[PDB]
């Protein structure tokens, strides 16, 4: 059929892009205690960049 750029509304100009709203999973603080205890070295490193938690894990000589 022919192209109709005005169904009912004359010159129906569409709106521009709009800022969406991400929800995310519920209960994000369920695997990263502030004490940084009970987690692997790589696990603690991951939470530091994920929520700024456990960023100074490990200090001084060990073993």
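We number each residue from 1, going along the chain as drawn.
Looking at the header, which is where the method is noted, we find solution NMR.
Cβ from N, Cα, C; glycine included.
According to Swiss-Prot, the disulfide bond annotation covers 32-47, 36-54, 48-55. Residues or ranges marked as pyrrolidone carboxylic acid in Swiss-Prot (evidence: experimental evidence): 1. What Swiss-Prot records for 62 is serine amide, and it gives experimental evidence as the kind of evidence.
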From 1, 32, 36: recorded positions whose CA lies within 10 A of residue 55 (disulfide bond): 36
Cα within 10 Å of residue 48 (disulfide bond) - qualifying recorded positions among 1, 32, 62: 32
Cα within 10 Å of residue 47 (disulfide bond) - qualifying recorded positions among 1, 54, 62: 54
Proximal residue to residue 54 (disulfide bond) among recorded positions 1, 32, 62 (C-alpha distance): 32
Cα distance (Å, whole number) from residue 32 (disulfide bond) to the residue listed as 'pyrrolidone carboxylic acid': 60
Disulfide-bonded residues: 32, 47, 48 - member with fewest neighbouring CB atoms within 10 Å: 48
